[PDB]
Amino acid sequence: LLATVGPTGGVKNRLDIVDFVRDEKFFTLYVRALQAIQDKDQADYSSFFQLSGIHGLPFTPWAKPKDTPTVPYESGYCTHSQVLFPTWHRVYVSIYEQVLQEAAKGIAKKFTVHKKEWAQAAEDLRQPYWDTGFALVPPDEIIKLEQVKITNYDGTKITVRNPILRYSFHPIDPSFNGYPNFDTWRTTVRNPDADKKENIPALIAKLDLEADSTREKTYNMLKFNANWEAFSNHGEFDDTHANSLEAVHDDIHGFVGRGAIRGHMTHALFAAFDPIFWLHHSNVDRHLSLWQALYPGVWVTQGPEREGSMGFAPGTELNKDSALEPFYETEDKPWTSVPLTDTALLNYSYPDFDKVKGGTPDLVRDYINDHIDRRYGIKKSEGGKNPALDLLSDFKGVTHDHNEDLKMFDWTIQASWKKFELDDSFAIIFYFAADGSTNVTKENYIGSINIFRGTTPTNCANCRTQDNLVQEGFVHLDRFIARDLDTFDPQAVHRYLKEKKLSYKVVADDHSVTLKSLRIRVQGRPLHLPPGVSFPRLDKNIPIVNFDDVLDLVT
Ligand SMILES: [Cu+2]
Ligand SMILES: [Cu+2]
């Protein structure tokens with residue numbers, strides 16, 4: 001078979017998509033290589049179709065031996081809602097990067113002028129990442145431009161079709177026969193309408209709307225998850241107060257995929273065929289690495305298989321020694337989650353660690369902590385115009401030193417529900433209803449919880465580990481309180497949320513849908529900052545406050 005060894009060459013960085021498109025050589029090589037692996041036949045193991053067929057459809061083994069190897073559970077190889085999510089989606093990007101750099105290495109020999117620079121550029125070609133937490137609105141070259149300007153083989157700037165917008169099937173795999181819409185669709189569709197038409201213009205607007213919420217979710221996900229169960233999966237874990245890596249991962253899949261109807265990107269069986277997928281999960285891997293800098297010594301714990309993949313049947317106990325199928329290091333040994341702590345083993349890194357390249361684990365944590373405080377944190381007011389926002393900035397951002405200890409309430413919208421109740425991907429919208437419920441207002445929009453579903457299991461060999469998984473999500477309210485109120489007291493924020501008529505709506509496709517396992521509430525956690533620390537701690541004096549009568553359902 002094909003061993004997942006990663007890209008060749010030295011240890012090179014995965015560049016930001018903002019900077020990757022400005023480098024002519026890297027962008028040209030990326031377009032050429034991507035079109036190269038796209039035009040190959042869908043039966044070849046090194047094609048875009050086979051690599052995308054690992055995350056979902058088809059339900060066939062990838063790179064398997066001629067000799068017999070039965071499949072334990074027929075589903076996609078993707079491992080979602082378990083402890084193996086980040087590591088599996090870590091090596092999964094490495095194989096795609098490996099073959100993509102192989103094709104680009106073949107294309108580099110097809111040039112004529114500067115044959116030494118264009119080949120070395122192919123040796124350093126790493127999959128760029130889309131920093132959704134900072135700039136949710138991406139550049140035009142990856143979602144909006146039908147044609148892109150690159151450099152031809154002779155050295156002239158030419159205009160070619162962009163292979164990043166979409167992917168044409170050739171042909172549509174018969175396994176998609178019984179799946180609606182996906183069988184009739186020629187190419188992948190982002191943000192579809194009721195007439196099966198791709199609506200990219202509305203998608204841009206949406207991202208521009210969800211920029212702030214995505215920023216806060218990314219920040220709190222990176223800084224306030226100290227254990228593996230609270231960081232890697234959907235599962236409702238005790239004493240949680242921030243989104244997990246997988247939830248923030250779901251937000252992008254739901255932004256690009258779910259429009260008036262369900263698209264490719266919002267279905268776990270067809271998500272990998274969208275070329276933007278690899279730009280998202282690259283940044284996800286970056287999020288993992290950043291988290292590794294903040295919490296060293298915290299890695300994969302043991303957990304059960306909740307929904308079931310092709311690697312493990314529902315009920316299998318998974319740990320750091322589990323086999324990350326179908327990714328192998330040698331022809332007789334599959335990858336495990338243990339060696340995946342060092343990205344340098346796979347010949348790639350990220351520019352966030354450029355300033356501390358070769359430092360102690362103590363210093364890397366401080367630099368990355370400060371870097372997250374400045375990149376995704378909350379800035380303070382100009383000239384002290386809003387003191388409440390300065391107090392909010394001390395807890396969720398850059399912390400100015402103080403003589404006395406500071407205290408405030410951290411407010412969040414917690415929502416818990418039982419996945420697999422409905423077999424359609426949906427979303428929960430939160431907004432203020434004081435102005436009116438018939439216009440999408442930039443200021444009166446809180447956030448949303450998107451659901452990234454796909455194939456559901458039904459039963460097993462009358463096993464016993466089969467337990468309903470509970471998925472939870474968070475939406476932050478602190479910045480909206482700092483804009484209006486002058487304090488974070490519960491007695492004031494109750495009147496703030498009741499006067500502004502904080503409401504929510506569970507929507508699937510276009511019409512409204514209802515589920516019975518949902519429980520939404522507002523949580524106020526007393527946070528205090530001693531005069532010598534910048535990291536907030538739970539205030540063990542005043543108890544946690546829960547409001548379950550403020551939210552309103554709208555249909
Ligand atoms: Cu996935
Ligand atoms: Cu994904």
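Here the residues of each chain are numbered from 1 in the order the sequence is written, which can differ from the numbering of the entry; residues without coordinates are not included. Written order decides the labels, with chains lettered from A and ligands numbered from 1. The side-chain quantities take in all heavy atoms of the structure and omit both hydrogens and water. Residues with missing side-chain atoms are left out of burial classes, side-chain pairs and their counts.

- Structure determination for this PDB entry was carried out by X-ray crystallography, with a resolution of 3.25 Å recorded in the header.

### Looking at the overall build of the protein
So, step 1. The helix count covers DSSP runs of H or I at least four residues long, the strand count covers runs of E at least two residues long, and both are numbered beginning at the N terminus. Across its full length, the protein holds 13 helices and 17 strands.
So, step 2. Along the three orthogonal principal directions, the C-alpha set of the protein runs to about 70 × 55 × 45 Å.

### Focus on helix 2 (residues 24-39)
So, step 1. In this model, helix 2 (16 residues) spans 23 Å end to end at C-alpha, consistent with the 22 Å of a helix rising 1.5 Å per residue.
So, step 2. Think of a polar contact as two N or O atoms within 3.5 Å of one another; within protein, one of them needs to be a possible hydrogen donor and the other a possible acceptor, and neighboring residues in sequence only count if both atoms come from side chains. The N-cap of helix 2, judged by a side-chain oxygen 2.9 Å from the amide nitrogen of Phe26 a few residues on, is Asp23. A helix is expected to span 1.5 Å multiplied by its residue count minus one.

### Some points on the domain arrangement of the protein
So, step 1. Taken as a whole, the protein is organised into domain 1 (1-377) and domain 2 (378-555).
So, step 2. Between the C-alpha centres of domain 1 and domain 2 the distance comes to 28 Å.
So, step 3. Contacts between the two partners involve 48 residues from domain 1 and, on the opposite side, 42 residues from domain 2.
So, step 4. Per element, the largest residue contribution to the side of domain 1 that touches domain 2 is ten residues, and it comes from helix 6 (residues 200-223). Boundary definitions for the domains trace back to an automatic or database domain assignment. In this description, contact between two residues means that some pair of their heavy atoms is separated by no more than 4.5 Å.

### Quick word on the packing of aromatic side chains
The relation between two aromatic rings is expressed through the spacing of the ring centres and the mutual angle of the planes.
So, step 1. Any two of the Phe, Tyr and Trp rings considered here, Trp counted by its six-membered ring, make a pair once their centres fall within 6.5 Å; the pair's planes then place it as stacked at under 30 degrees, edge-to-face at over 60, or tilted in between. Between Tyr92 and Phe327, the aromatic rings sit 5.8 Å apart at their centres with planes inclined by 50 degrees, giving tilted as the arrangement. On the criterion of sequence distance, the pair formed by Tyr92 in helix 4 (residues 85-108) and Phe327 in the loop between strand 5 (317-318) and strand 6 (328-330) is long-range, its members being 235 residues apart.
So, step 2. Taken together, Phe48, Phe49, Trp88, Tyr92, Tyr96, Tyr167, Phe169, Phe273, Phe277, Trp278 and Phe327 form an aromatic cluster joined through their ring pairs.
So, step 3. Taking NZ or CZ as reference, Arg14 lies 3.6 Å from the ring centre of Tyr348, over its face.
So, step 4. Cation over ring: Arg375 sits above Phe134, and NZ or CZ is 3.8 Å from the ring centre. We call a charge positioned over a ring when the NZ of a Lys or the CZ of an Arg lies within 6 Å of the ring centre and within 35 degrees of the ring normal.

### Comments concerning unusual backbone geometry
So, step 1. A cis amide bond links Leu57 to the next residue, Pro58, at an omega of 0 degrees.
So, step 2. Its location among the elements puts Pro58 in the loop between helix 3 (48-52) and helix 4.
So, step 3. Cis geometry is adopted by the peptide bond preceding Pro171, which originates at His170 and carries an omega value of -5 degrees.
So, step 4. Among the structural elements, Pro171 can be located in the loop between strand 3 (157-161) and helix 6.

### Observations regarding the pattern of salt bridges
So, step 1. Should a side-chain nitrogen of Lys or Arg be within 4 Å of a carboxyl oxygen of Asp or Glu, the pair is scored as a salt bridge. Among the salt bridges present, the one from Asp285 reaches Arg14, with a minimum N-O distance of 3.9 Å. Taken as a pair, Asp285 in helix 9 (residues 277-294) and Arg14 in the loop between strand 1 (12-13) and helix 1 (17-20) lie far apart in primary sequence, 271 residues in all.
So, step 2. Between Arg374 and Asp370 there is a salt bridge, and its shortest N-O distance comes to 2.2 Å. Of this pair, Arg374 and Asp370 are both found in helix 10 (residues 361-375), four residues apart, which corresponds to roughly one turn of the helix.

### Here we look at the packing of helix 6 against helix 8 (residues 245-257)
So, step 1. Axis lines are fitted through C-alpha atoms, for helices just across the contact stretch, and the angle between N-to-C directions can take any value from 0 to 180 degrees. With their axes 11 Å apart at the nearest point, helix 6 and helix 8 run at an angle of 180 degrees to one another. One finds that helix 6 runs roughly antiparallel with respect to helix 8. Counting all contacts with helix 6, which are made through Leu203, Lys206, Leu207, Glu210, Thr214, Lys217, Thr218 and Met221, the residues of helix 8 involved are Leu245, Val248, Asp251, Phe255 and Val256.
So, step 2. Residues are grouped as follows: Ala, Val, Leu, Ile, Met, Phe, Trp, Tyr, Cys and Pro are nonpolar; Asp, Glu, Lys and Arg are charged; all remaining types, including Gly, are polar. The residue makeup of the contact of helix 6 with helix 8, split by class, is seven nonpolar, two polar and four charged. Convention used here: angles under 35 degrees read as roughly parallel, angles over 145 as roughly antiparallel, angles from 65 to 115 as roughly perpendicular, and any remaining angle as oblique.

### Here's the deal with the side chain of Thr28
So, step 1. Position of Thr28 relative to the elements: it lies in helix 2.
So, step 2. From its side chain, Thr28 meets the backbone nitrogen of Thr151 in a polar contact 3.1 Å long.
So, step 3. If we ignore the near neighbours within four places in the chain, the residues touching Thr28 are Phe111, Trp118, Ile150 and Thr151.

### Some words on the environment of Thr412
So, step 1. Mapped onto the fold, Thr412 is located in strand 9 (residues 406-418).
So, step 2. The spatial distance from the C-alpha of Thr412 to the C-alpha of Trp185 is 40 Å, given a sequence separation of 227 residues.
So, step 3. Contact partners of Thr412, with chain neighbours within four places excluded, come to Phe474, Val475, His476, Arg521, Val522 and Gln523.

### Re the sheet that holds strand 13 (residues 502-508)
So, step 1. Only strands joined by at least two bridges in the DSSP assignment are considered to pair. Spatial strand order, 11-10-13-17: four strands in an open sheet with mixed pairing. What marks the edges here is a single partner per strand, and that holds for strand 11 (445-450) and strand 17 (552-553).

### Brief notes about the environment of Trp62
So, step 1. Considering the arrangement of structural elements, one finds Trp62 in the loop between helix 3 and helix 4.
So, step 2. Along the chain, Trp62 and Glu210 lie 148 residues apart, while their C-alpha atoms are 37 Å from each other.
So, step 3. Not counting residues up to four positions away in its chain, the partners in contact with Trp62 are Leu2, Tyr45, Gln50, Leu51, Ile54, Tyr77, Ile95 and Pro326.
So, step 4. There is a polar contact of 3.5 Å between the side chain of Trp62 and the backbone oxygen of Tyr45.

### Overview of the UniProt feature "binding site: Cu cation B" in the protein
So, step 1. On the UniProt side, "binding site: Cu cation B" is annotated at positions that read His249, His253 and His281 here. In three dimensions, the annotated residues from a span of 33 residues occupy one location, with a maximal C-alpha spread of 10.1 Å.
So, step 2. In this structure, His249 sits in helix 8.
So, step 3. A distance of 2.5 Å separates polar atoms of two side chains, one belonging to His249 and the other to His253.
So, step 4. Here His281 shows up in helix 9. UniProt positions are given in the numbering used here, feature names are shortened, and annotations may be inferred rather than shown by experiment.

### Brief notes about the environment of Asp183
So, step 1. For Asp183, the position within the fold is in the loop between strand 3 and helix 6.
So, step 2. Taking C-alpha positions, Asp183 is 42 Å from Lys223, a pair spaced 40 residues apart along the chain.
So, step 3. Ignoring sequence-local partners within four residues, the contact set of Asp183 consists of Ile172, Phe176 and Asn177.

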